[PDB]
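All remarks here apply to the structure that follows.
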Amino acid sequence: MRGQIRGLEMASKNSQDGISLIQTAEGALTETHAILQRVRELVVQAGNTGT
Amino acid sequence: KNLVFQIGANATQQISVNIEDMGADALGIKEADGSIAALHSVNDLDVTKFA
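Protein chains in written order, with the entry's author numbering: chain A, 52 to 102; chain V, 153 to 203.
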């Protein structure tokens with residue numbers, strides 16, 4: 052059992068490391084996303100003002 | 153060279169526009185029909201032809 056808790060605790064560390072990783076990528080994707088919103092504005096602007 | 157306007161937040165949701173007037177456009181039969189039908193505006197047959 053104490054084996055099970057040692058592996059548990061290290062797996063909770065691995066879980067937390069998970070959370071910070073996934074949140075790193077996630078926040079980066081929200082930054083990309085903010086770009087993409089400005090980009091879409093630059094599509095209706097690259098709408099050529101129509102022509 | 154259709155002066156479309158980009159309107160929809162979706163692409164190609166556009167407003168066609170057409171302009172064809174000018175000083176050399178006047179009574180457009182199909183175009184200038186000779187000295188008349190564009191070019192009395194341009195050339196002004198008032199010299200002596202009228203008299």
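All C-beta atoms, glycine included, are put in the ideal place defined by N, C-alpha and C.
Just checking my contact of residue i with residue j at CB under 8 Å: how many whole Å lie between their CB atoms?
i, j, result
"residue 157 (chain V)", "residue 101 (chain A)", "4 Å"
"residue 176 (chain V)", "residue 189 (chain V)", "With a Cβ gap of about 11 Å, residue 176 (chain V) and residue 189 (chain V) do not count as contacting."
What residues from chain V crowd round residue i, counting only those whose CB sits closer than 9 Å?
i, result
"residue 94 (chain A)", "158 and 163"
Considering only DSSP beta bridges, list what residue i is partnered with.
i, result
"residue 158 (chain V)", "V:166"
The alpha helix (DSSP H) that contains residue i, what's its start and end?
i, result
"residue 68 (chain A)", "53-96"
"residue 194 (chain V)", "191-195"
Run through chain A and tell me which residues come within less than 8 Å of residue i, C-beta to C-beta.
i, result
"residue 154 (chain V)", "102"
Mind pulling the chain V residues with CB within less than 7 Å of residue i?
i, result
"residue 98 (chain A)", "158"
Contact residues within the segment 161-175 of chain V, judged by C-beta distance below 9 Å to chain A: 161, 163, 166, 167 and 169
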